[PDB]
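Enquirer: model this:
(2 chains)
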Amino acid sequence: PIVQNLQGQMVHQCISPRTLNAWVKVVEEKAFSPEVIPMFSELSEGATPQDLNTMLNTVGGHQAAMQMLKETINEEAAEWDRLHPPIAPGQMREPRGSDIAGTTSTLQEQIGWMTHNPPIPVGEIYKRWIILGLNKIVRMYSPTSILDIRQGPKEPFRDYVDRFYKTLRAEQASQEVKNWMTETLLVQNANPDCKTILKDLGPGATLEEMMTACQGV
Amino acid sequence: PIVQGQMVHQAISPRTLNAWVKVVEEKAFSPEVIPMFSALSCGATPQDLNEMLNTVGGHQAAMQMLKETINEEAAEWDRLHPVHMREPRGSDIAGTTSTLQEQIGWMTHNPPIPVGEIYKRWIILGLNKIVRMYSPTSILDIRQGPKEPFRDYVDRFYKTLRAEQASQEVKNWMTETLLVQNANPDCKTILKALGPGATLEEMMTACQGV
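Expert: Numbers count the residues shown, from 1 in each chain, chains lettered A, B, ... in the order given. There you are, the coordinates:
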């Protein structure tokens, strides 16, 4: 991945054994639960397409999913080539579909594009395609989302919030949609007693005040 | 390994050594060991590559097969680039007849001679042959069982294909063709009905019930 040096300059570092081991084990244990998808993105902090491809190839099982991912990437790469189709002296060349995915580009070339002025985020673009592909497979497994989280009649408020934000962190939605989810679904899907209390608090209270209000009940 | 201020030599980390040895036991003969290699061996010198080789304890038959492939590639190297900073011969790239200082000189020269990457390439070629040996059956014999879930058949299909020596054109032709013909009668009939323009997602979802 790419990180800043002790001075402003951007430098590449070899992907760490800790990162490599964390990702493979996540796939083994969790399989394709939605929490796998953000967990990926946490490990692909400024990762190059080479590193992204490395991470994908290190996965041993679930080869059906890996092949479906490859199909989705090829579709996105085809669209990229459609939209962004000569010789420039000592300049960075234009990436095609396959170049962003690291199949036709070298490690040195990717570094050139990502550290260029203006920067060409081939790493972020490829990560987007992977996550798009990561969305398809997780959709297939067992269609579950934040909208299914409902407080049990006797369930402590604290544990319901825990389940809420665990699911919420894994749901693909913009920050605008996510904030709407926070202020709305958590209140409505509470149990009758706590819901009545949360409705009584008014629409301007922090989570601290909400949780302390439903502490007794 | 070698990393970038100025590029300098670093000793291989105990974390890297430990991670690799455990992979080998756990991975066994899974193909995914090959890409995992290429990650832990980032800018490694021939000295580091030799260390990693010796870190494998078991499966000594595979180690000798690897050594055979390395010797073949070293002989071909000597054929094409006859030696007269000195020029590296076959045996120098593998780190058996070269010193650490010689390896560092070649890798950090201007222009750089990537002896580390060349040795890595030869090892991966050999690791492919070993994985090929360890893969028990060729792609063409994989057939879906009468009661076998489609998902498990596809998993076996593409795991085998990943180990098959073929170009991307040959490999893509295998994908779009062999998977469809070798399905069981119920799934075959459904996949035929999809038409010749469906993605794998649609194929997999189609044979989900049966």
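
Enquirer: Enumerate every residue touching the most centrally placed residue in chain A.
Expert: Computing the C-alpha centroid of chain A and ranking residues by C-alpha atoms, centre = their mean puts residue A:38 first, at 3.6 Å. For residue A:38, the contact set (C-beta atoms under 8 Å, 6 or more residues apart in numbering or on different chains) comprises A:169-170. Every C-beta, even on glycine, is put in place using the N, C-alpha and C of the backbone.

Enquirer: Quick check: which element contains it?
Expert: Taking DSSP states H and E as the criterion, the element that holds residue A:38 is helix A:36-43.

Enquirer: Any buried residues in that helix, and which?
Expert: A:36-37, A:39-40, A:43 (16 or more other C-beta atoms under 10 Å in any protein chain shown).

Enquirer: could you dump those residues to a markdown table with distance to residue A:79?
Expert: Compiled in a markdown table, the buried residues of helix A:36-43 are given as follows (distance: C-beta to C-beta, whole Å):
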| residue | distance to residue A:79 |
| --- | --- |
| A:36 | 25 |
| A:37 | 21 |
| A:39 | 27 |
| A:40 | 22 |
| A:43 | 26 |
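
Enquirer: which ones among the residues you listed come in contact with chain B?
Expert: Among those, no residue lies close to chain B (C-beta under 8 Å from any C-beta of the partner chain).

Enquirer: what secondary structure does the residue of chain A most remote from its centre sit in?
Expert: In chain A, residue A:89 marks the outermost C-alpha relative to the chain mean, sitting 37.5 Å out by C-alpha atoms, centre = their mean. For residue A:89, the reduced secondary structure class is coil; criterion used: DSSP: H, G, I helix; E, B strand; the rest coil.

Enquirer: for residue A:11, same thing?
Expert: Secondary structure assignment for residue A:11 (three-state DSSP): strand.

Enquirer: I'd guessed it sits against residue A:1; true?
Expert: No: under the criterion of C-beta atoms under 8 Å, residue A:11 is not in contact with residue A:1, lying 10.2 Å apart.

Enquirer: what comes up buried for the helix or strand containing residue A:79?
Expert: In this structure, residue A:79 is located in helix A:63-83 according to DSSP H and E. In terms of neighbour count (16+ other C-beta under 10 Å), helix A:63-83 has its buried residues at A:63-70, A:72-74, A:76-77, A:80.

Enquirer: So which of those reach chain B?
Expert: Among those, the residues within reach of chain B (C-beta under 8 Å from any C-beta) are A:63-64, A:66-68.

Enquirer: What helix or strand is residue A:120 located in?
Expert: Short version, using DSSP H and E: residue A:120 is in no helix or strand.

Enquirer: before we move on, what about the one 3 residues further on?
Expert: Residue A:123 belongs to helix A:122-141 when assigned by DSSP H and E.

Enquirer: just how off-centre is that helix within its chain?
Expert: A distance of 8 Å separates the centroid of the chain from that of helix A:122-141, by C-alpha atoms, centre = their mean, to the nearest Å.

Enquirer: Give me the helices and strands touching that helix, please.
Expert: Helices and strands touching helix A:122-141, by 3 or more C-beta pairs under 8 Å, 6 or more residues apart in numbering or on different chains; DSSP states H and E, are helix A:36-43, helix A:49-57, helix A:63-83, helix A:97-100, helix A:107-114, helix B:200-206.
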